[PDB]
Amino acid sequence: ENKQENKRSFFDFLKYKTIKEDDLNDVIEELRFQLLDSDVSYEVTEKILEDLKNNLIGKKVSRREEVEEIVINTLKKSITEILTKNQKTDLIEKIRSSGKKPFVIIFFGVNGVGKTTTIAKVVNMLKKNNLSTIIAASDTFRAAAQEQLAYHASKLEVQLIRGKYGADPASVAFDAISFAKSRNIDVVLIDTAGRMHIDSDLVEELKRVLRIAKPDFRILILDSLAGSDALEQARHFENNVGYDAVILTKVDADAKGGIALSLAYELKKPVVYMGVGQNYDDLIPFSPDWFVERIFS
Ligand SMILES: Nc1nc2c(ncn2[C@@H]2O[C@H](COP(=O)(O)OP(=O)(O)O)[C@@H](O)[C@H]2O)c(=O)[nH]1
């Protein structure tokens with residue numbers, strides 16, 4: 001008798017009321033209050049509310065749950081547009097649906113942003129996806145980074161290619177790529193020179209690594225908490241090197257959700273993964289659900 005109730009459900013159209021702009025006034029102001037409370041910036045708040053008006057005005061609803069369902073689907077869609085720019089995001093399918101014999105990934109970013117840690121996370125995830133990997137340590141003058149990757153490479157049971165201190169960073173990356181060909185390794189991950197500040201020497205070296213290593217995907221690593229410094233790092237790597245995608249680290253330290261969402265709005269490249277902790281598994285695909293849960297209670 002549950003199919004008899006579903007047939008009855010076809011004849012329930014009289015309770016369906018069309019939403020008028022005037023109907024939205026109060027709830028739009030309450031959503032605004034909560035967004036701003038949850039550290040959502042003004043521009044993102046305005047975009048999100050405008051997308052809510054546009055997705056609601058046409059519609060017919062008969063109860064609060066139907067309204068909530070349009071609101072939630074609209075929120076998840078706006079958040080998706082903010083973070084990914086509606087670009088493809090799955091690195092595994094990127095690698096798998098690609099022709100490249102070893103798939104070469106290069107990583108950019110300044111010091112203390114979490115770059116060596118999320119390379120270990122990327123290694124961890126590709127292992128969980130049955131993809132073999134090696135790391136090329138091409139930050140050859142920051143001997144600290146050499147230690148960090150050496151620990152991770154050992155814990156993760158993965159080969160680390162490294163040179164002498166101060167070695168040609170393009171050699172480390174080139175050698176790692178031939179090593180990966182010879183051993184039929186699926187993916188190469190190249191660490192690049194982390195500094196306190198981008199500068200002219202770093203740019204020339206990155207471009208030399210790029211033209212000699214020929215990577216298939218370039219990822220910038222940004223601290224989701226660093227605000228305008230993060231936007232300044234992204235703009236300088238954009239103008240002088242170019243990259244394809246962003247990984248935001250420390251998103252777990254953004255309690256209310258809006259800080260990383262407000263940063264992403266001003267980024268021009270998609271955010272493809274998010275670091276959410278210090279452990280290897282603390283790497284999640286972009287998820288609108290993450291931001292909806294944090295922003296709203
Ligand atoms: N809470 C949190 N901490 C992180 C995350 N990613 C990195 N960190 C921490 O940030 C600090 C610096 O990271 P590290 O990989 O050494 O940065 P690097 O110098 O750029 O290579 C470390 O203590 C990391 O544990 C994250 O997603 N969440």
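The residues of the chain are indexed from 1 along the displayed sequence. Every number for a ligand or one of its atoms is a count from 1 in the order of the listing.
- From the protein, the heavy atom lying nearest to atom 21 (O) of ligand 1 is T116 OG1, 2.6 Å.
- When only non-hydrogen protein atoms are considered, atom 19 (O) of ligand 1 lies nearest to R142 NH1, 2.9 Å.
- Partner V104 forms a side chain to side chain contact (heavy atoms under 4.5 Å, CB included) with one of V187, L189, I190 and no other, that one being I190.
- Set against the non-hydrogen atoms of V110, the atoms of ligand 1 under 4.0 Å away are 20 (O).
- No part of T118 comes within 4.0 Å of ligand 1, judged by heavy-atom distances.
- Taking the six-membered ring where the residue is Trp, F108 and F237 present parallel rings, their angle staying beneath 30° rather than reaching 60°.
- In terms of polar-atom proximity, defined here as any N/O pair under 3.5 Å, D282 makes no such contact with ligand 1.
- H236 and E232 share a donor-acceptor pair across their side chains, judged by distance under 3.5 Å alone.
- Heavy-atom neighbours of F174 CZ from other residues, nucleotides or ligands within 6.0 Å: at or below the threshold of 12.
- Each of the following atoms of ligand 1 lies closer than 4.0 Å to a heavy atom of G275: 27 (O).
- For atom 2 (C) of ligand 1, the nearest protein heavy atom lies under 4.0 Å away.
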For this session: Please lay out, stage by stage, how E81 and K47 fare under the test salt bridge (charged side-chain N to carboxylate O under 4.0 Å, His left out).
Result: CA-CA 11 Å; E81 178 179 24; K47 188 239 204 302; 2.6 Å; yes

For this session: Verify side-chain hydrogen bond (donor to acceptor under 3.5 Å, both in side chains) between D186 and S132, making sure each step is shown before the conclusion.
Result: CA-CA 5 Å; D186 304 321; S132 63; 3.1 Å; yes

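- With rounding to the nearest 0.5 Å, the separation of CD1 in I105 from CZ in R218 is 13.0 Å.
- For atom 15 (O) of ligand 1, the nearest non-hydrogen atom of the protein is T117 OG1, 2.3 Å.
- Of all atoms in ligand 1, listed by their number and element, those nearer than 4.0 Å to a heavy atom of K121 are 26 (C), 27 (O).
- Scanning the protein heavy atoms around atom 28 (N) of ligand 1, the nearest turns out to be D252 OD1, 2.8 Å.
- The closest protein non-hydrogen atom to atom 7 (C) of ligand 1 is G114 CA, 3.9 Å.
- Residue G112 has at least one nitrogen or oxygen atom sitting less than 3.5 Å from a nitrogen or oxygen atom of ligand 1, judged on distance alone.
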Exercise. Going through the distances and angles, do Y265 and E43 end up as a side-chain hydrogen bond (donor to acceptor under 3.5 Å, both in side chains)?
Worked result: CA-CA 8 Å; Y265 185 62; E43 304 182 75; 5.1 Å; no

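- Nearest to atom 4 (C) of ligand 1 by heavy-atom distance, out of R195, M274, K250, is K250.
- A 4.5 Å side-chain heavy-atom check between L31 and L52 finds at least one atom pair inside the cut-off.
- Using a 4.5 Å heavy-atom threshold, the side chains of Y280 and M125 count as separate.
- When only non-hydrogen protein atoms are considered, atom 16 (O) of ligand 1 lies nearest to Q148 OE1, 2.9 Å.
- Counting protein heavy atoms only, atom 23 (O) of ligand 1 is closest to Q278 NE2, 3.6 Å.
- Nearest protein heavy-atom contact of atom 26 (C) of ligand 1 is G277 O, 2.9 Å.
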